[PDB]
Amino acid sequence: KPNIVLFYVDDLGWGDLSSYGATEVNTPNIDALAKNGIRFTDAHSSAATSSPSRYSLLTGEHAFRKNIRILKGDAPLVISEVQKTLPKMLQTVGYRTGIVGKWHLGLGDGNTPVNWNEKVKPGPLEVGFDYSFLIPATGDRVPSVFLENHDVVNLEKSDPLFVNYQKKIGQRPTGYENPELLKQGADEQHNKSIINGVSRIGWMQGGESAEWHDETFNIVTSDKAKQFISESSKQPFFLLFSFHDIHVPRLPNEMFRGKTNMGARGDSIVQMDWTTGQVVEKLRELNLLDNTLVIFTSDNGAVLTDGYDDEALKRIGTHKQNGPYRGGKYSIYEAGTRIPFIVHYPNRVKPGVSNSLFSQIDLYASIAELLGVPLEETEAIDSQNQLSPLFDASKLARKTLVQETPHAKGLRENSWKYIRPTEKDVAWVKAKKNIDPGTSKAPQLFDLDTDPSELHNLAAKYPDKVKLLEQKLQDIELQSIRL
């Protein structure tokens, strides 16, 4: 029973790592993991946005089965208290489970809004986690406080904490009223309550003692992960290290500012690599690294301009955050879900590069197979046993895989890519995010071997292929049991 450490980066694109070809940023720690492990070139998150991908990561099922969308800071937990989750699965075989970082899976129960001043339940502790130290929503969503287990860290009863997303509450300055105090400019959605010089989404009243310090996320989070690892060093443990990097607002520690010529976004990649090093080296000191299944991946494709004036697009230079793939965050094109995926397990995995169609949804069933945990017919219905290609870069994995986004759905059948037509008009992606969302009123079909960036639609040349793929996409939607 090896330990499992899951590095889950926020918005890390296929090309944002030097082992994936980046030249404007060096990721040495993550690169050494790829060198002594398997690097996947065709691995995918379940969706093109955070909440849905995180839901599939932990439940082994497609996010559309529960219509998961980007959650707001006070949304209720999307994972039922009895739902079968990956951490619960590992618990039944003695693993001590923990998560350090971003949650974004909801925290309340729905009936009554979240009272950030009393115990916050259900949450990570109710869906398979023993220990939890989180960032409730996202780095840019209030509350800007750490929630340990069931309690908000450093909360003073003398200064109760409240949040509101529709109107201003409290006496904190905002970005629209007080733009003078901002460290970075913000768009309309992100110009509310200011905390640590940066406005966020929504208003935050009180709880000043519970306020976090963005520039120390690297230290605070690595410190917690190292402690949890030290506490569970003599037993099997699973640690989901969920980063805030490289999600907006990008506020890296001063020791990284200027390490790249790309601005805060690039420097956040440097910080992210450093943080990863702290955890990896911690496992090395305790001689646990060779017997640890390390998985380094991301929740969705990269984005440059995501709401703050941080120079991501202006100073991009020659950097290709999505490598050769088109799209990015929010998009149905490859880059929306095609991301970095590294497996590092020296005791059982030989170094290699895998071009197998791999999905993060299959982590649940592949880890069950690793430890012999039989799965119910109703458990992680979409998660397939793909442990063999996970540990051998030469083995094949999937043939078919559905890609999700709020705007459209798509399907991969070997090198074929099909995007189902939609009438939804989503211009905010192209306008505000500088990404083609991939929608179209007409079907789309691409051969990624000759057209890797999805520039030549073949829907009209192979109309039966479109119908076949559309048919197989319907079957997967109608599926309700395993296999």
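Counting begins at 1, following the sequence as shown.
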So which stretch wins on mean C-alpha B-factor, 153-161 or 237-245? 153-161
Take the C-alpha B-factors listed in the entry for 42-50 and for 430-438, compute each mean, and give the stretch with the larger one. 430-438
Reading the B-factor column for Cα atoms of 411, 343, 357, 408, the highest value belongs to 408
Reading the B-factor column for Cα atoms of 176, 333, 391, 274, the highest value belongs to 176
Check where residue 456 lands among this chain's C-alpha B-factors and tell me if it's the lowest, middle or highest third. middle
Is the Cα B-factor recorded for residue 300 in the lowest, middle or highest third of its chain? lowest
Rank-wise, by C-alpha B-factor, drop residue 470 into the lowest, middle or highest third of its chain. middle
Considering only modelled residues of the same chain, in which third does the CA B-factor of residue 397 rank: lowest, middle or highest? lowest
Sorting the chain's modelled residues by C-alpha B-factor and splitting them into thirds places residue 420 in the highest
